[PDB]
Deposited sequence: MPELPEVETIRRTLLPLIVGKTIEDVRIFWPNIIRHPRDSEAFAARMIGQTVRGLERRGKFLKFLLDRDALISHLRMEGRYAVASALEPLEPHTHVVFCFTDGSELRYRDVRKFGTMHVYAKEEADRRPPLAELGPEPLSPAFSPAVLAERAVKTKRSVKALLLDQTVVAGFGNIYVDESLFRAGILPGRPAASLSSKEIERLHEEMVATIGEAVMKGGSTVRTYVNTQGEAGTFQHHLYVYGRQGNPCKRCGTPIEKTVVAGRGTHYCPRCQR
């Protein structure tokens, strides 16, 4: 889940939990709990608090309670669902929040990579993992200048720069590949080699790509140009789409539209 999917989860989940009061917290896989370290303390402190809201920062979900904020990162496969506490749980359910009205918020995660941090609302933004995140892509804080400032000061590929949550937050493998294609830039090239003209266009395609994705509720998979299409013809020039590895990850691109 990248920014578009997490934003979709946020909008759907909020009306289902706002106003509900936590009666119990059950944890079946302790390692997901990062702070406080003791999973027993994590559970005890939330009991009695009511859900006041749900926000998003980068790829993180921020559950706003009475005094605390629960910061959740879904990583690769984490997922949330609301259901009746009288029914049996689905496989791979690792954390459950039971509400006083008989309902519950279930957290599933097959690979167990997700993390959960709890801090007082006022400390959240100044403590890890939210402290060092870059600006939100769909806000005035993200501008060509910001990208250029970070770009012209590193030898790594442009794709590595965009995957760095401290440069800009919310972009993942799918939308980095799609944005680079639309801007017409090869992923594996030095970020320092990009021109003012290139950086500006990229900034523009990034904003437009992530914006459209949210409106379509995320993967919008019918609107992908390169991700997952290795071997198939380019939708604009017809050249077969290629796949290699860059920044330690699968990377898709068109050798003709991208330079």
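Missing from the model, by position in the deposited sequence, are residues 1, 221-234.
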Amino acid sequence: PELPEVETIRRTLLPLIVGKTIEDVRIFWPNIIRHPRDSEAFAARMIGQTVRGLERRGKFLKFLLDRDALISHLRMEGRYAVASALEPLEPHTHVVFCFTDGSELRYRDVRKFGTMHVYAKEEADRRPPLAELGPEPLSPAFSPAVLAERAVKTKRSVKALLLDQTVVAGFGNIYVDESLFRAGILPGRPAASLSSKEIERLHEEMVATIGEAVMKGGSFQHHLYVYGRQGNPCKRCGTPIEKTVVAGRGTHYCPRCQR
From here on, numbers count along this sequence of modelled residues.
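Here 148-156 and 102-110 are compared by their mean Cα B-factor, and 148-156 comes out higher. Once the C-alpha B-factors are averaged per stretch, 116-124 and 135-143 rank with 135-143 first. Considering 65, 33, 199, 47 together, the PDB entry gives 199 the largest C-alpha B factor.
For residue 239, the recorded CA B-factor ranks within the middle third of the chain. Only modelled residues enter the ranking. Among the modelled residues of its chain, residue 42 has a C-alpha B-factor that falls in the lowest third, as given in the PDB entry.
In this PDB entry, the Cα temperature factor of residue 13 sits in the middle third of its chain's modelled residues. Ranked by C-alpha B-factor against the other modelled residues of its chain, residue 229 falls in the middle third. Per the deposited record, the Cα B-factor of residue 95 falls in the lowest third when ranked against the other modelled residues of its chain.
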